[PDB]
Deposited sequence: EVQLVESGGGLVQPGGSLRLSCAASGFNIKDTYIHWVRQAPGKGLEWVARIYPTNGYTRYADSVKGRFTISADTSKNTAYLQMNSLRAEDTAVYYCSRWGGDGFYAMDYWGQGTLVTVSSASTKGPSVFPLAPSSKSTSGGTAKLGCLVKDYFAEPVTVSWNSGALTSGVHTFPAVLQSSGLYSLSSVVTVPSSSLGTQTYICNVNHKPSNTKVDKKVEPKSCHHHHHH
C-alpha cells in the first residue's frame, strides 16, 4: 500500500530552523515528484515546493524561496523540507504528496501532515482534570488544560471507546496556552460497572496521562 509518513513538525522560534521529513513506502520516490503543500490556520492550500528525486530538480513558491530547501534521499525513500528563518506566517500544517508519475497527473497520495508553530512562547505540558459525570443518559469528560503548542491526542479507554466521543477543537486562552475538553456520552446503567479513562498525549512535553473519570 502506498504511504507517505511525515515527521519533524513542532515549535520553532521566529527566525529559527526546522527540518520536515516525508517517508514513503509502497513505491519509489525516484519514480515521481514529491511536493510540500501547507495550510495556514483556517486558510486554503498553498503549494510550497517540489522535487524530482532522480535528479534533485527543485521548484519553490516565491514566499519561501531562499529560506526553504527541498531535498530527497533515494536510499531511505524519504524527502525533506529544511526550513530556516521561519516567520509567524509560516505557521501551518505541512503535507507532502506525490505527483501522479503513474497515470493520473495529480496529487493522489498525501502524508497525514505535520503541524509547525512559529511562536516565541515555550512548550508546556497540560494538566488533565476529570469532568465529573453528575434514568435517561449521562455524559462525562476529561478537561485538558494550559498547554503549548498544539496538538494533543486524547483517546478513551486506551482507544476502545469511540462512539459518542466529542473532542473539541483546542481554543487559545488569554494566557497564551491552549485548553480543550473531550467528552463522551454513556448509558446510565454502565456507571460504576464500567470505568472510564482518557489517554491524553502531548508529545512535545512527553506528557502521557490517563485520568480515570468516575462519579
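Asker: Which bits of the deposited sequence have no atoms placed for their C-alpha?
Answerer: Sequence ranges with no C-alpha atoms are 135-139, 221-229.
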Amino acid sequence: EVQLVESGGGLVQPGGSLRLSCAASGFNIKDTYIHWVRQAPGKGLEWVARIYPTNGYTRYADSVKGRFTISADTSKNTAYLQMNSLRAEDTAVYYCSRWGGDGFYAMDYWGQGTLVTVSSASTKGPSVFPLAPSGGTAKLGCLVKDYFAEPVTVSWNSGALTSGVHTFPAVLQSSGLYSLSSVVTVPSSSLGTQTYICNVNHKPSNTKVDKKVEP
From here on, numbers count along this sequence of modelled residues.
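Asker: Looking at the entry, does 43-51 or 173-181 show the higher mean C-alpha B-factor?
Answerer: Of 173-181 and 43-51, the stretch with the higher C-alpha B-factor average is 173-181.
Asker: Report the stretch with the higher mean CA temperature factor, choosing between 23-31 and 156-164 on the basis of the entry.
Answerer: In the deposited entry, the stretch with the higher C-alpha B-factor mean is 156-164.
Asker: What's the residue among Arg87, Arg98, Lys139, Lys124 with the greatest CA temperature factor in the PDB record?
Answerer: That would be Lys139, according to the entry.
Asker: By the recorded C-alpha temperature factor, relative to the other modelled residues in its chain, which third is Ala92 in?
Answerer: Lowest third of the chain for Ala92's C-alpha B-factor.
Asker: By the recorded C-alpha temperature factor, relative to the other modelled residues in its chain, which third is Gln13 in?
Answerer: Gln13: CA B-factor falls in the middle third of its chain.
Asker: Lowest, middle or highest third: where is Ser120 by C-alpha B factor in its chain?
Answerer: As the PDB entry reports it, the C-alpha B-factor of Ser120 lands in the middle third of its chain.
Asker: Split the chain's modelled residues into thirds by Cα B-factor; is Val5 in the lowest, middle or highest one?
Answerer: Tercile = lowest for this residue's CA B-factor.
Asker: Looking at the C-alpha B-factor of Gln82, is it in the lowest, middle or highest third of its chain?
Answerer: It belongs to the lowest third of the chain when residues are ordered by C-alpha B-factor.
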